[PDB]
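This document starts with one chain, in the form deposited in one PDB entry, laid out as structure tokens.
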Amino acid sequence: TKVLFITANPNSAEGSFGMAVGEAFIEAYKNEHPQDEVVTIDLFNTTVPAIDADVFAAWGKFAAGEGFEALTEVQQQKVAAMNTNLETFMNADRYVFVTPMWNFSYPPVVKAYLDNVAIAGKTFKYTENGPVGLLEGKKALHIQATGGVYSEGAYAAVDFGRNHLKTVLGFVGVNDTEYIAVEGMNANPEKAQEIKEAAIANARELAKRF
């Protein structure tokens, strides 16, 4: 069983609630499954090429029957890095996302990463009725840290980071998805110590059954 620990939190001075819950999960999981391989993909220190003019130019050449050698050096580096992210994602059995909420969504790279892992012929295929996912036997956890409370109630409609990630996962075939919110620390800093520990305990219990 291969697990991808995919994180999108910059290594700043302040610390990270999401990272603390994520590391607690991964350590608890590794204790339960000493034989499973865990791979850390840090999105702030991984090449995650955005779909741009070069990527469209590479795609236009593939459509025109030309190969990889017809691409420029920059184009070659871009699609090789895209394919390596894609292959890694396809090869894993389990995905664990760790994300902060910025501006009611996730950091930009998370979108860049999803645009890398959602590829025709690889994670979805076209049908008469539109694209359908190809992935089977997958399972995913999303750990999101938020300043306010969005897990339940009215504000759930504006938790765009969570809701989009679940949709893309669902699109490619991964609809067995767990969710752990580390929420309300900026709303109630007085109980941020207890919110973190409650989420850590919730993570350690899930690792025993993930």
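So that the term is clear: the rigid core is the largest set of C-alpha atoms that superpose within 1.5 Å between two forms. Note that residue numbering begins at 1 and tracks the sequence as displayed.
- Judged by mean Cα B factor in the deposited record, 126-134 ranks above the other of 126-134 and 83-91.
- Here 145-153 and 65-73 are compared by their mean Cα B-factor, and 65-73 comes out higher.
- As recorded in the entry, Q35 carries the highest CA temperature factor of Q35, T47, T40, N163.
- The entry lists C-alpha B-factors for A181, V168, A58, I51, and the highest of these is at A58.
- Sort the chain's modelled residues by C-alpha temperature factor and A13 lands in the highest third, per the entry.
- When the modelled residues of the chain are ordered by their C-alpha B factor, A187 lands in the highest third.
Beyond what is shown, the protein has a form deposited in another entry; the following relates to that form.
- After superposition on the rigid core, the Cα atom of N186 is displaced by less than 2 Å between this form and the one not shown.
- A displacement of 2 angstroms or greater separates the C-alpha positions of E128 between this form and the one not shown, with the rigid core held in common.
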